[PDB]
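Visitor: The structure follows.
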Amino acid sequence: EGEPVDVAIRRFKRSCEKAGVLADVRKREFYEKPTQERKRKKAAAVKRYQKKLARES
Amino acid sequence: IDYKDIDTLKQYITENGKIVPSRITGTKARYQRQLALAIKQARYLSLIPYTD
Amino acid sequence: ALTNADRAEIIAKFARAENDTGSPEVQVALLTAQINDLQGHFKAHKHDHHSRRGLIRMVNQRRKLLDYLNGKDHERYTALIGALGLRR
Amino acid sequence: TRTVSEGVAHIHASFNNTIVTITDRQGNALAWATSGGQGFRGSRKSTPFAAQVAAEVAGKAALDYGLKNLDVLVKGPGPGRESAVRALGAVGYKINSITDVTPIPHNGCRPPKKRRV
Amino acid sequence: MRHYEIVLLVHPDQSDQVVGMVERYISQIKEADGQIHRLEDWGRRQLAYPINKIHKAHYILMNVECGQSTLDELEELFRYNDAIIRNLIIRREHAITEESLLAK
RNA sequence: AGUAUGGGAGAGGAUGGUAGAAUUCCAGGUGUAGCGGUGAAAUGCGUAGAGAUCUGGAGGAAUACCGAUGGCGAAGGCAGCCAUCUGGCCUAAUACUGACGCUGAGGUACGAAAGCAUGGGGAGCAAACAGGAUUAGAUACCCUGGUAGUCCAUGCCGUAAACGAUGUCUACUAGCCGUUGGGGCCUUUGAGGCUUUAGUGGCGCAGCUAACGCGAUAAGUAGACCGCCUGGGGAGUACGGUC
């Protein structure tokens, strides 16, 4: 009702960031090969596992 | 778990209709697979929306 | 496919002794029945390469059991191949 | 002639350019504006300020129809999307709601190749 | 020789005659051997999205045992009946006789 | 090593049907000057009216979220939902056959993408090709279009950094920490803890190695059978032969 337009825009930006809609279009901008997709996913998984192990230890 | 249980399904469905990852839902793998199959059957039968 | 009843009937027909399930005759009869059953499937599906490998495995296993039985006892082997119509 | 109290404004934001169009409900357009229209021709079209001036022009055009409240729909990733809504608020229209209508395919067509720039 | 769950969505305009088609299908199933383990009417509801520009429809559920020929005939009838928009046939192993949810 | 009966997990394979998102096109309504693209441009496109938005229809291809150092397959590989046909694997104690095993020259089957032959299909992308740009030059990188092909049916071709750059099979040899499918045991108030089995990962003793490094998924300690190497280039080339 009385919420400022700027505050509403900031809330909408945060909601969109949580949704992750923009990342889908960023990915869709260009085609990618399975060869690169596998390497990207493997590297991400390795990095996440290493970080988790470092935190645990 | 079955397709008809919309109340249970909505908990693991997001607001936008995206299925929630097992990372957030803290679920077992077999449960997650059954859950996703149930969600897809439900949105085929038009008990929940694919998007929005 | 093949039910449990038909397999029970072949086991009963070819059982050398009571409860005998692992005899060469029983195994060869079961393999022959399964192979003949799959013949219907492979005409309706010519390019199902992944199941033809299992069919080949069944054929090889039957050949091995038949050769072993021939080595063990010639008369039994003759009787079995005559009963089941196997050329060799 | 016709005056409508309710409005809906679509902000099409793209890397090359940004566009704003104000329509009535049911989708009949009233006024439109572009970065190129208010000068700012060239690579400057992508600058957010061009979006601000375009939004100002669109609001001034819509003032004739006199819709005091408008929904806002933003489509596409581009600079100046925030600037467009800020300009609309400065103009003074009441925003009923703001939503993102950007489409996400379910693995449809093949996109073009990557660029070795 | 198998159990199946049948989900049918039927047009509200033709929902007036549903008692006829359900009985006809029951008779057809009973013709061969027949096993209608469960038959439920969910009630008129609103489709989540418009199906052929129909915003609401009626939901029918049937847990049945029947032969393969009966399965094919039922599928053909469902396909060729216009009032039935959208059907689902799911093979299940063992019987469900307890009253299902959403039928209250 | 194998068989029968009970239970389990899986994008394993073949056929058919069907759902939704998005793109391209076609047709109707609102309405006026740009749209598009790049490092900046320009080609291209727009007042026989575009772009934008809504509405309705046609068609092709591919399955967002789930999705994972996850799963299945001999390998190559496999992902929307439903039905039918169908191969393997894991799991408990009994019952049954009684060495029926391992390997394997020749031989044979399968085998990514591209390419070839007949018929069909053709949305998006795109070798060749046309044009616009940058450049001393542009034959390319960038941009505007675009054909074969990418798709379906029926055959052929037999090649990859077809890689773990590590042939198959069997037994033994400190430990610590994960994960997937099963079995068993103890707590309890229903979820936890322990052990075992078949897979899939991270550290690491001895041992091995020129070093890097491997380390119960060995590249350690031993056995069985096979393929392959003998300085670099000429050269996987010439002649002959098979397809």
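Residues in the structure tokens are numbered from 1 in each chain, the chains being A, B, ... in the order shown, and ligands are numbered from 1 in the order shown.
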Determine which residues of chain A sit within 7 Å of chain D, taking into account only C-alpha atoms, and present them as a count of residues only.
Guide: 10
Visitor: Counting only C-alpha atoms, which residues of chain E fall within 8 Å of chain B, and what is the closest atom pair for each with its distance in Å at one decimal, ordered by chain and rising number, as JSON lines?
Guide:
```
{"residue": "E:47", "atom": "CA", "partner": "B:46", "partner_atom": "CA", "distance": 5.7}
{"residue": "E:48", "atom": "CA", "partner": "B:46", "partner_atom": "CA", "distance": 5.1}
{"residue": "E:49", "atom": "CA", "partner": "B:46", "partner_atom": "CA", "distance": 6.6}
{"residue": "E:86", "atom": "CA", "partner": "B:45", "partner_atom": "CA", "distance": 7.7}
{"residue": "E:88", "atom": "CA", "partner": "B:45", "partner_atom": "CA", "distance": 8.0}
{"residue": "E:101", "atom": "CA", "partner": "B:4", "partner_atom": "CA", "distance": 7.4}
{"residue": "E:102", "atom": "CA", "partner": "B:4", "partner_atom": "CA", "distance": 7.5}
```
Visitor: Excluding residue 33 of chain D and residues on its chain fewer than 3 positions from it, collect all residues at most 10 Å away from it, counting only C-alpha atoms (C1' of nucleotides), and give them as a list in words.
Guide: residues 18, 19, 20, 21, 22, 36, 37, 38, 51, 53, 54, 55, 56, 57, 58, 59 and 61 of chain D; 32, 33 and 52 of chain F
Visitor: Using N, CA, C and O atoms (P, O5', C5', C4', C3', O3' and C1' of nucleotides), can you write the selected residues to a file as a PDB file, in the first residue's frame?
Guide:
```
ATOM      1  N   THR D  18      16.949  -1.194 -25.041  1.00  0.00           N
ATOM      2  CA  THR D  18      15.878  -1.333 -24.062  1.00  0.00           C
ATOM      3  C   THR D  18      14.657  -0.583 -24.571  1.00  0.00           C
ATOM      4  O   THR D  18      14.789   0.509 -25.135  1.00  0.00           O
ATOM      5  N   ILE D  19      13.475  -1.162 -24.372  1.00  0.00           N
ATOM      6  CA  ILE D  19      12.228  -0.618 -24.894  1.00  0.00           C
ATOM      7  C   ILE D  19      11.177  -0.655 -23.794  1.00  0.00           C
ATOM      8  O   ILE D  19      11.206  -1.533 -22.925  1.00  0.00           O
ATOM      9  N   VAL D  20      10.248   0.298 -23.833  1.00  0.00           N
ATOM     10  CA  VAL D  20       9.138   0.371 -22.890  1.00  0.00           C
ATOM     11  C   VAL D  20       7.864   0.628 -23.682  1.00  0.00           C
ATOM     12  O   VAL D  20       7.840   1.507 -24.551  1.00  0.00           O
ATOM     13  N   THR D  21       6.813  -0.133 -23.388  1.00  0.00           N
ATOM     14  CA  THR D  21       5.517   0.051 -24.030  1.00  0.00           C
ATOM     15  C   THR D  21       4.414   0.003 -22.983  1.00  0.00           C
ATOM     16  O   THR D  21       4.374  -0.913 -22.157  1.00  0.00           O
ATOM     17  N   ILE D  22       3.516   0.984 -23.028  1.00  0.00           N
ATOM     18  CA  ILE D  22       2.395   1.079 -22.098  1.00  0.00           C
ATOM     19  C   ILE D  22       1.120   0.723 -22.847  1.00  0.00           C
ATOM     20  O   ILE D  22       0.850   1.267 -23.925  1.00  0.00           O
ATOM     21  N   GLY D  36      16.659   4.798 -28.997  1.00  0.00           N
ATOM     22  CA  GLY D  36      17.034   5.502 -30.211  1.00  0.00           C
ATOM     23  C   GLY D  36      16.113   6.665 -30.524  1.00  0.00           C
ATOM     24  O   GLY D  36      16.545   7.681 -31.073  1.00  0.00           O
ATOM     25  N   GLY D  37      14.829   6.530 -30.184  1.00  0.00           N
ATOM     26  CA  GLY D  37      13.879   7.586 -30.499  1.00  0.00           C
ATOM     27  C   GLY D  37      14.248   8.914 -29.868  1.00  0.00           C
ATOM     28  O   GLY D  37      14.171   9.963 -30.514  1.00  0.00           O
ATOM     29  N   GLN D  38      14.653   8.890 -28.598  1.00  0.00           N
ATOM     30  CA  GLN D  38      15.073  10.103 -27.894  1.00  0.00           C
ATOM     31  C   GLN D  38      16.584  10.276 -28.058  1.00  0.00           C
ATOM     32  O   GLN D  38      17.358  10.298 -27.099  1.00  0.00           O
ATOM     33  N   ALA D  51      17.165   4.420 -21.061  1.00  0.00           N
ATOM     34  CA  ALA D  51      15.940   3.807 -20.562  1.00  0.00           C
ATOM     35  C   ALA D  51      15.158   4.780 -19.692  1.00  0.00           C
ATOM     36  O   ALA D  51      13.925   4.819 -19.749  1.00  0.00           O
ATOM     37  N   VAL D  53      15.077   8.121 -19.892  1.00  0.00           N
ATOM     38  CA  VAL D  53      14.413   9.127 -20.719  1.00  0.00           C
ATOM     39  C   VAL D  53      13.260   8.501 -21.495  1.00  0.00           C
ATOM     40  O   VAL D  53      12.200   9.118 -21.668  1.00  0.00           O
ATOM     41  N   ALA D  54      13.441   7.267 -21.971  1.00  0.00           N
ATOM     42  CA  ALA D  54      12.357   6.588 -22.671  1.00  0.00           C
ATOM     43  C   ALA D  54      11.163   6.372 -21.751  1.00  0.00           C
ATOM     44  O   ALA D  54      10.010   6.545 -22.165  1.00  0.00           O
ATOM     45  N   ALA D  55      11.419   5.989 -20.499  1.00  0.00           N
ATOM     46  CA  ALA D  55      10.335   5.820 -19.538  1.00  0.00           C
ATOM     47  C   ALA D  55       9.632   7.143 -19.268  1.00  0.00           C
ATOM     48  O   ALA D  55       8.404   7.187 -19.140  1.00  0.00           O
ATOM     49  N   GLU D  56      10.397   8.231 -19.160  1.00  0.00           N
ATOM     50  CA  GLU D  56       9.783   9.543 -18.967  1.00  0.00           C
ATOM     51  C   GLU D  56       8.860   9.887 -20.131  1.00  0.00           C
ATOM     52  O   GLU D  56       7.727  10.346 -19.931  1.00  0.00           O
ATOM     53  N   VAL D  57       9.330   9.665 -21.361  1.00  0.00           N
ATOM     54  CA  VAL D  57       8.509   9.964 -22.533  1.00  0.00           C
ATOM     55  C   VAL D  57       7.259   9.093 -22.545  1.00  0.00           C
ATOM     56  O   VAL D  57       6.157   9.565 -22.853  1.00  0.00           O
ATOM     57  N   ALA D  58       7.408   7.806 -22.222  1.00  0.00           N
ATOM     58  CA  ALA D  58       6.257   6.910 -22.209  1.00  0.00           C
ATOM     59  C   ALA D  58       5.233   7.343 -21.168  1.00  0.00           C
ATOM     60  O   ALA D  58       4.024   7.324 -21.428  1.00  0.00           O
ATOM     61  N   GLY D  59       5.697   7.728 -19.978  1.00  0.00           N
ATOM     62  CA  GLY D  59       4.776   8.204 -18.958  1.00  0.00           C
ATOM     63  C   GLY D  59       4.059   9.473 -19.375  1.00  0.00           C
ATOM     64  O   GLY D  59       2.852   9.618 -19.156  1.00  0.00           O
ATOM     65  N   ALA D  61       3.398  10.374 -22.421  1.00  0.00           N
ATOM     66  CA  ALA D  61       2.419   9.983 -23.430  1.00  0.00           C
ATOM     67  C   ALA D  61       1.188   9.353 -22.791  1.00  0.00           C
ATOM     68  O   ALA D  61       0.054   9.647 -23.185  1.00  0.00           O
TER      69      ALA D  61
ATOM     70  P     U F  32      -0.801   6.286 -34.181  1.00  0.00           P
ATOM     71  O5'   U F  32       0.788   6.163 -34.156  1.00  0.00           O
ATOM     72  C5'   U F  32       1.539   6.574 -33.018  1.00  0.00           C
ATOM     73  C4'   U F  32       3.011   6.289 -33.194  1.00  0.00           C
ATOM     74  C3'   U F  32       3.715   7.160 -34.232  1.00  0.00           C
ATOM     75  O3'   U F  32       5.071   7.371 -33.840  1.00  0.00           O
ATOM     76  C1'   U F  32       3.882   4.902 -34.875  1.00  0.00           C
ATOM     77  P     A F  33       5.637   8.858 -33.628  1.00  0.00           P
ATOM     78  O5'   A F  33       7.206   8.705 -33.856  1.00  0.00           O
ATOM     79  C5'   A F  33       7.727   8.310 -35.122  1.00  0.00           C
ATOM     80  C4'   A F  33       8.727   7.187 -34.996  1.00  0.00           C
ATOM     81  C3'   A F  33      10.006   7.362 -35.811  1.00  0.00           C
ATOM     82  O3'   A F  33      11.096   6.732 -35.138  1.00  0.00           O
ATOM     83  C1'   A F  33       8.874   5.435 -36.552  1.00  0.00           C
ATOM     84  P     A F  52       9.642  -7.898 -31.635  1.00  0.00           P
ATOM     85  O5'   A F  52       8.785  -6.919 -30.714  1.00  0.00           O
ATOM     86  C5'   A F  52       9.382  -6.225 -29.627  1.00  0.00           C
ATOM     87  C4'   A F  52       8.350  -5.507 -28.791  1.00  0.00           C
ATOM     88  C3'   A F  52       7.190  -6.357 -28.292  1.00  0.00           C
ATOM     89  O3'   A F  52       7.511  -7.078 -27.114  1.00  0.00           O
ATOM     90  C1'   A F  52       6.358  -4.347 -29.225  1.00  0.00           C
TER      91        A F  52
END
```
Visitor: Under the rule of at most 8 Å, produce a per-residue listing of chain F near chain C: chain, number, name, the closest pair of atoms, and the distance in Å, as JSON lines, using only C-alpha atoms (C1' of nucleotides).
Guide:
```
{"residue": "F:2", "atom": "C1'", "partner": "C:22", "partner_atom": "CA", "distance": 7.7}
{"residue": "F:3", "atom": "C1'", "partner": "C:22", "partner_atom": "CA", "distance": 4.3}
{"residue": "F:4", "atom": "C1'", "partner": "C:21", "partner_atom": "CA", "distance": 5.8}
{"residue": "F:12", "atom": "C1'", "partner": "C:50", "partner_atom": "CA", "distance": 7.9}
{"residue": "F:13", "atom": "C1'", "partner": "C:50", "partner_atom": "CA", "distance": 5.3}
{"residue": "F:14", "atom": "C1'", "partner": "C:48", "partner_atom": "CA", "distance": 5.2}
{"residue": "F:15", "atom": "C1'", "partner": "C:45", "partner_atom": "CA", "distance": 7.8}
{"residue": "F:85", "atom": "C1'", "partner": "C:41", "partner_atom": "CA", "distance": 6.7}
{"residue": "F:86", "atom": "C1'", "partner": "C:51", "partner_atom": "CA", "distance": 6.8}
{"residue": "F:87", "atom": "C1'", "partner": "C:51", "partner_atom": "CA", "distance": 4.3}
{"residue": "F:88", "atom": "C1'", "partner": "C:54", "partner_atom": "CA", "distance": 7.6}
{"residue": "F:95", "atom": "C1'", "partner": "C:19", "partner_atom": "CA", "distance": 7.1}
{"residue": "F:96", "atom": "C1'", "partner": "C:22", "partner_atom": "CA", "distance": 4.8}
{"residue": "F:97", "atom": "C1'", "partner": "C:22", "partner_atom": "CA", "distance": 4.5}
{"residue": "F:100", "atom": "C1'", "partner": "C:68", "partner_atom": "CA", "distance": 5.5}
```
Visitor: For chain F, list the residues within 10 Å of chain A, counting only C-alpha atoms (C1' of nucleotides), and write the list as a VMD selection string.
Guide: chain F and resid 64 68 to 69 125 177 to 178 202
Visitor: Output C-alpha atoms (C1' of nucleotides) for every residue in the selection just made, as a PDB file, in the first residue's frame.
Guide:
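Produced file out_27.pdb, reproduced below:
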```pdb
ATOM      1  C1'   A F  64      13.945 -27.202 -17.992  1.00  0.00           C
ATOM      2  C1'   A F  68      24.060 -36.101  -7.674  1.00  0.00           C
ATOM      3  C1'   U F  69      32.456 -37.603  -6.471  1.00  0.00           C
ATOM      4  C1'   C F 125      21.867 -24.650 -36.334  1.00  0.00           C
ATOM      5  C1'   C F 177      36.995 -40.720   6.090  1.00  0.00           C
ATOM      6  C1'   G F 178      32.574 -40.569   2.320  1.00  0.00           C
ATOM      7  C1'   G F 202      39.212 -39.068  -0.875  1.00  0.00           C
TER       8        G F 202
END
```
Visitor: So what do you get for atom CA of residue 56 of chain C versus atom CA of residue 82 of chain C, distance-wise?
Guide: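 We find that atom CA of residue 56 of chain C and atom CA of residue 82 of chain C lie 22.5 Å from each other.
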Visitor: Can you list, as an MDAnalysis selection string, every residue of chain D that DSSP puts in helix (DSSP H, G or I)?
Guide: chainID D and resid 43:46 48:65 81:91
Visitor: Kindly export the residues of the current selection with N, CA and C atoms, as a compact mmCIF listing (two decimals), in the first residue's frame.
Guide:
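The result, stored in result.txt:
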```txt
# COMPACT_ATOMS: atom_id res chain seq x y z
N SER D 43 25.94 2.65 -29.69
CA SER D 43 26.20 1.82 -28.52
C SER D 43 25.65 2.44 -27.25
N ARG D 44 25.39 3.75 -27.26
CA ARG D 44 24.80 4.40 -26.09
C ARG D 44 23.36 3.95 -25.85
N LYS D 45 22.75 3.26 -26.81
CA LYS D 45 21.38 2.79 -26.63
C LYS D 45 21.26 1.88 -25.41
N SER D 46 22.31 1.11 -25.12
CA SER D 46 22.25 0.16 -24.01
C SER D 46 22.39 0.86 -22.66
N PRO D 48 21.74 2.77 -19.29
CA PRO D 48 20.48 2.87 -18.54
C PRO D 48 19.80 4.22 -18.64
N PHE D 49 20.57 5.30 -18.80
CA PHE D 49 19.97 6.63 -18.85
C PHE D 49 19.00 6.75 -20.02
N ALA D 50 19.36 6.16 -21.16
CA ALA D 50 18.43 6.11 -22.28
C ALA D 50 17.11 5.48 -21.87
N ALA D 51 17.17 4.42 -21.06
CA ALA D 51 15.94 3.81 -20.56
C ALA D 51 15.16 4.78 -19.69
N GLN D 52 15.86 5.57 -18.87
CA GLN D 52 15.17 6.54 -18.03
C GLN D 52 14.42 7.57 -18.87
N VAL D 53 15.08 8.12 -19.89
CA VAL D 53 14.41 9.13 -20.72
C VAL D 53 13.26 8.50 -21.49
N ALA D 54 13.44 7.27 -21.97
CA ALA D 54 12.36 6.59 -22.67
C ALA D 54 11.16 6.37 -21.75
N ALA D 55 11.42 5.99 -20.50
CA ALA D 55 10.34 5.82 -19.54
C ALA D 55 9.63 7.14 -19.27
N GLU D 56 10.40 8.23 -19.16
CA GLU D 56 9.78 9.54 -18.97
C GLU D 56 8.86 9.89 -20.13
N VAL D 57 9.33 9.66 -21.36
CA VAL D 57 8.51 9.96 -22.53
C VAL D 57 7.26 9.09 -22.55
N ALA D 58 7.41 7.81 -22.22
CA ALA D 58 6.26 6.91 -22.21
C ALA D 58 5.23 7.34 -21.17
N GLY D 59 5.70 7.73 -19.98
CA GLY D 59 4.78 8.20 -18.96
C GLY D 59 4.06 9.47 -19.37
N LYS D 60 4.79 10.41 -19.98
CA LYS D 60 4.15 11.63 -20.47
C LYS D 60 3.10 11.31 -21.52
N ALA D 61 3.40 10.37 -22.42
CA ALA D 61 2.42 9.98 -23.43
C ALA D 61 1.19 9.35 -22.79
N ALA D 62 1.39 8.48 -21.80
CA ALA D 62 0.27 7.81 -21.15
C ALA D 62 -0.55 8.76 -20.29
N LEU D 63 0.03 9.88 -19.87
CA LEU D 63 -0.73 10.84 -19.06
C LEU D 63 -2.01 11.27 -19.77
N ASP D 64 -1.98 11.33 -21.10
CA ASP D 64 -3.17 11.73 -21.84
C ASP D 64 -4.33 10.77 -21.59
N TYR D 65 -4.06 9.46 -21.66
CA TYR D 65 -5.07 8.48 -21.29
C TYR D 65 -5.34 8.47 -19.79
N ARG D 81 16.79 -1.91 -16.52
CA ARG D 81 15.49 -2.41 -16.08
C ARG D 81 15.07 -1.75 -14.77
N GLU D 82 16.01 -1.63 -13.83
CA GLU D 82 15.73 -0.90 -12.60
C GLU D 82 15.45 0.57 -12.88
N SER D 83 16.19 1.15 -13.83
CA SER D 83 16.03 2.57 -14.14
C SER D 83 14.64 2.85 -14.69
N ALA D 84 14.10 1.94 -15.49
CA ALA D 84 12.76 2.15 -16.04
C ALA D 84 11.72 2.24 -14.94
N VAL D 85 11.77 1.32 -13.97
CA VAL D 85 10.79 1.34 -12.89
C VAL D 85 11.01 2.55 -12.00
N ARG D 86 12.27 2.93 -11.78
CA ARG D 86 12.54 4.14 -11.00
C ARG D 86 11.96 5.37 -11.69
N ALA D 87 12.12 5.46 -13.01
CA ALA D 87 11.57 6.59 -13.75
C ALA D 87 10.05 6.60 -13.69
N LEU D 88 9.42 5.42 -13.79
CA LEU D 88 7.97 5.36 -13.67
C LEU D 88 7.51 5.83 -12.29
N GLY D 89 8.20 5.39 -11.24
CA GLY D 89 7.87 5.85 -9.90
C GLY D 89 8.04 7.35 -9.75
N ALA D 90 9.11 7.90 -10.32
CA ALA D 90 9.32 9.34 -10.27
C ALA D 90 8.19 10.07 -11.00
N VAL D 91 7.77 9.54 -12.15
CA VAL D 91 6.62 10.10 -12.85
C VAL D 91 5.38 10.06 -11.97
```
Visitor: What's around residue 31 of chain B at 10 Å? Count only C-alpha atoms (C1' of nucleotides), leave out sequence neighbours fewer than 6 positions away in its own chain, and write the answer as a list in words.
Guide: residues 1, 22 and 37 of chain B
Visitor: Could you list, as a list in words, the residues of chain F having an atom within 12 Å of chain E when counting only C-alpha atoms (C1' of nucleotides)?
Guide: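 Result: residues 17, 18, 19, 20, 81, 82, 83 and 84 of chain F.
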Visitor: Output C-alpha atoms (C1' of nucleotides) of each residue in that selection to a file, as a PDB file, in the first residue's frame.
Guide:
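This went into result15.pdb:
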```
ATOM      1  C1'   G F  17       0.912 -43.591 -27.944  1.00  0.00           C
ATOM      2  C1'   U F  18       0.813 -39.019 -25.472  1.00  0.00           C
ATOM      3  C1'   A F  19       2.026 -33.910 -22.332  1.00  0.00           C
ATOM      4  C1'   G F  20       4.218 -29.157 -21.723  1.00  0.00           C
ATOM      5  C1'   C F  81       4.935 -39.460 -18.943  1.00  0.00           C
ATOM      6  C1'   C F  82       2.109 -44.288 -20.282  1.00  0.00           C
ATOM      7  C1'   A F  83       1.540 -49.284 -22.229  1.00  0.00           C
ATOM      8  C1'   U F  84       3.512 -54.051 -24.469  1.00  0.00           C
TER       9        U F  84
END
```
Visitor: Write out as number ranges by chain the set of residues from chain E that DSSP, computed on the backbone, places in strand (DSSP E or B).
Guide: E: 2-10, 35-51, 54-66, 84-92
Visitor: Got a sec: who's within 12 Å of residue 92 of chain F, counting only C-alpha atoms (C1' of nucleotides), leaving out chain neighbours fewer than 5 positions off, as a VMD selection string?
Guide: chain F and resid 6 to 7 182 to 184 197
Visitor: Generate a file of the selected residues that holds N, CA and C atoms (P, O5', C5', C4', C3', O3' and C1' of nucleotides), formatted as a PDB file, in the first residue's frame.
Guide:
```
ATOM      1  P     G F   6       8.980 -67.823  -7.076  1.00  0.00           P
ATOM      2  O5'   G F   6       9.386 -67.149  -5.691  1.00  0.00           O
ATOM      3  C5'   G F   6       8.494 -67.169  -4.588  1.00  0.00           C
ATOM      4  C4'   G F   6       9.033 -66.397  -3.410  1.00  0.00           C
ATOM      5  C3'   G F   6       9.305 -64.917  -3.627  1.00  0.00           C
ATOM      6  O3'   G F   6       8.143 -64.110  -3.574  1.00  0.00           O
ATOM      7  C1'   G F   6      11.139 -65.888  -2.516  1.00  0.00           C
ATOM      8  P     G F   7       8.080 -62.743  -4.417  1.00  0.00           P
ATOM      9  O5'   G F   7       9.261 -61.853  -3.815  1.00  0.00           O
ATOM     10  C5'   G F   7       9.068 -61.108  -2.623  1.00  0.00           C
ATOM     11  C4'   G F   7      10.311 -60.357  -2.201  1.00  0.00           C
ATOM     12  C3'   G F   7      10.729 -59.175  -3.062  1.00  0.00           C
ATOM     13  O3'   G F   7       9.968 -58.004  -2.830  1.00  0.00           O
ATOM     14  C1'   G F   7      12.626 -60.477  -2.536  1.00  0.00           C
ATOM     15  P     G F 182      17.460 -51.193  -1.750  1.00  0.00           P
ATOM     16  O5'   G F 182      18.154 -52.608  -1.526  1.00  0.00           O
ATOM     17  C5'   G F 182      18.079 -53.279  -0.280  1.00  0.00           C
ATOM     18  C4'   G F 182      18.791 -54.604  -0.341  1.00  0.00           C
ATOM     19  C3'   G F 182      18.889 -55.374   0.965  1.00  0.00           C
ATOM     20  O3'   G F 182      17.702 -56.069   1.301  1.00  0.00           O
ATOM     21  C1'   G F 182      20.999 -55.343  -0.068  1.00  0.00           C
ATOM     22  P     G F 183      17.189 -56.081   2.822  1.00  0.00           P
ATOM     23  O5'   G F 183      18.206 -57.052   3.573  1.00  0.00           O
ATOM     24  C5'   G F 183      18.384 -58.389   3.133  1.00  0.00           C
ATOM     25  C4'   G F 183      19.451 -59.113   3.917  1.00  0.00           C
ATOM     26  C3'   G F 183      19.348 -59.041   5.431  1.00  0.00           C
ATOM     27  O3'   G F 183      18.369 -59.907   5.972  1.00  0.00           O
ATOM     28  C1'   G F 183      21.583 -58.669   4.782  1.00  0.00           C
ATOM     29  P     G F 184      17.532 -59.451   7.265  1.00  0.00           P
ATOM     30  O5'   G F 184      18.584 -59.552   8.456  1.00  0.00           O
ATOM     31  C5'   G F 184      19.125 -60.807   8.836  1.00  0.00           C
ATOM     32  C4'   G F 184      20.367 -60.656   9.679  1.00  0.00           C
ATOM     33  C3'   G F 184      20.189 -59.993  11.035  1.00  0.00           C
ATOM     34  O3'   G F 184      19.653 -60.863  12.017  1.00  0.00           O
ATOM     35  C1'   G F 184      22.087 -59.089   9.960  1.00  0.00           C
ATOM     36  P     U F 197      32.783 -58.490   4.142  1.00  0.00           P
ATOM     37  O5'   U F 197      31.709 -58.562   2.969  1.00  0.00           O
ATOM     38  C5'   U F 197      31.168 -59.807   2.553  1.00  0.00           C
ATOM     39  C4'   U F 197      30.013 -59.627   1.600  1.00  0.00           C
ATOM     40  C3'   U F 197      30.301 -58.839   0.333  1.00  0.00           C
ATOM     41  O3'   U F 197      30.957 -59.608  -0.662  1.00  0.00           O
ATOM     42  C1'   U F 197      28.273 -58.087   1.283  1.00  0.00           C
TER      43        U F 197
END
```
